[PDB]
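As structure tokens, the next two blocks hold two forms of the same chain, structure 1 and structure 2.
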Structure 1
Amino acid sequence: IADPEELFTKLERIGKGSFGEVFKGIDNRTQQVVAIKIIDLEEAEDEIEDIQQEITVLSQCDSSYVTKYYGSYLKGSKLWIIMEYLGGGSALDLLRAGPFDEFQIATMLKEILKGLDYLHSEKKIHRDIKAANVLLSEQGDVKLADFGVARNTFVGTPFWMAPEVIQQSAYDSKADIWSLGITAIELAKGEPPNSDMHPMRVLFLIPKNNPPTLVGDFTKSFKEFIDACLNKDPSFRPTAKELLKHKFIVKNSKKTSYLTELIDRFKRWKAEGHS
């Protein structure tokens, strides 16, 4: 029990996520830039020791495709979670300057797929693949911010949810393949399919409707990639690994450093006047 208000300095706010706020921060002793997620567990003090149990296990993970956990510190009923800082922004931030071209998308999806194809020893992993959770380093490395293991009273956002997840079927890692498909549409178009519909309506249509498709004169191979992820039968969606060999990814992927151009493109958008 050392006080994190003294160990760390908050700089800018970077996230208005769910349980609280994420900050760009700095460790006062070592000067390492970090990400700090603060969550109030006032009435849920019993939850604390479990949350720190999980943070400690996560910090032993060896994936270079997830934002690493460094530890956590209790202050009052607030828990300060200390994580790796990535300075390039999320894909969703970068999308504000416009959708990405196919070579950028294939490059980004390949890095996501490498992280989905990673063997995790941790017990029951949950994932939330979407553009808000895809982070870029300043050098263009791609890491996901959704990674973890097993009183929240709201249903949630449906747009990236797989059919079998909604029909309440016991769901495996094929659900993340579906969500990756939706995220690919999000990167090409700017938003997930049916983003103009009421969420409760979307939640009912997902299991009943034919899968969404990419609208636009994109290459046939990109549309086939999307079609493969968005199979309605979990069993016939391909694995992360089969997808890493899809001709869309193989033909169009570039070195990850090329994604710095998206960072730069966001800078002139800002320089042009938030627009």
Structure 2
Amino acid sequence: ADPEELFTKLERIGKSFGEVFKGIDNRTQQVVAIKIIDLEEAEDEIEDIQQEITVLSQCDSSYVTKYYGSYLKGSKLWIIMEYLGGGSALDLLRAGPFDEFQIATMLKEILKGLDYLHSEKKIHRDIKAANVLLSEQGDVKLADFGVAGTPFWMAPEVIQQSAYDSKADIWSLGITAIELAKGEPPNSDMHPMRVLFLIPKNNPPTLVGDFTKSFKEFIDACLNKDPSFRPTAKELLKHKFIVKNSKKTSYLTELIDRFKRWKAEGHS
């Protein structure tokens, strides 16, 4: 039961608490994502780690990053998850802007993710472009669930400590939609401790500029300050913006290919 025999690390992917690799299961040759947390250098995060594992282990959805299991060796905890070779939506943004077709196609898939979670009575809690991973063939999945830092995507009712529900995810989706349109969320320059009070105090963000009215109205519905006035995920799946602008999956692989051309051409 030795994960250094079971698995081979192929290349580093990034750095939550720990470091993550693209890996391979030597028994099946399945490409996996492997996270390694040193449990001797993260005492106060430990309660959150088993919380996140519990939740992902209860998900069995094609729109949620799969969890395959966990291994311990010494003080190292190995967490094995499905591997998504397209990168995050935030990664795809580094090589240029998305158009409304691509944005709508992607929000449609995130919305299916959220509709799954909310119908199983779970809340993602940290919807943002960096937490939306794509397979290389363009599937769109959710990762990096929130704990029950950076407040830019937080709904005002979660900031005020007011016990919240799944409508918090709809607000965050609204902010994610602005992030996919402008590259970054509202108030990106403010210090986060200032943003923690500007979000409940201010009127909701709107999308300003040369965008269709339907797109603008999609975001205005998500960003109602009163949560009971935000639409559910299933309602948003029939919103005019999604219905009129969402396209086949190859609209996303074109973004994946663009990002790959970008990296291979030496840009960073």
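Numbers given to residues start at 1 and step along the sequence of structure 1. Take the two forms, superpose them, and find the largest set of C-alpha atoms that agree within 1.5 Å; that set is the rigid core.
Peer 1: Might you check 26, 51, 244, 228 and identify the only one whose CA position changes by 2 Å or more between structure 1 and structure 2 on rigid-core superposition?
Peer 2: So the only displaced C-alpha belongs to 51.
Peer 1: Comparing between structure 1 and structure 2 on the rigid core, is the C-alpha shift at residue 121 2 Å or larger?
Peer 2: Residue 121 C-alpha, core-superposed: shift of 2 Å or more.
Peer 1: For residue 210, is the CA shift between structure 1 and structure 2 at least 2 Å following rigid-core superposition?
Peer 2: Comparing the forms between structure 1 and structure 2, which are aligned on their rigid core, residue 210 does not shift its C-alpha by 2 Å or more.
Peer 1: Please state whether residue 60 has a C-alpha shift of 2 Å or more between structure 1 and structure 2, with the rigid core used for the fit.
Peer 2: Moves: yes, 2 Å or greater.
Peer 1: For residue 111, tell me the Cα shift between structure 1 and structure 2 once the rigid core is superposed, in Å to one decimal.
Peer 2: Comparing between structure 1 and structure 2 after core fitting, residue 111 shifts 0.5 Å at its C-alpha.
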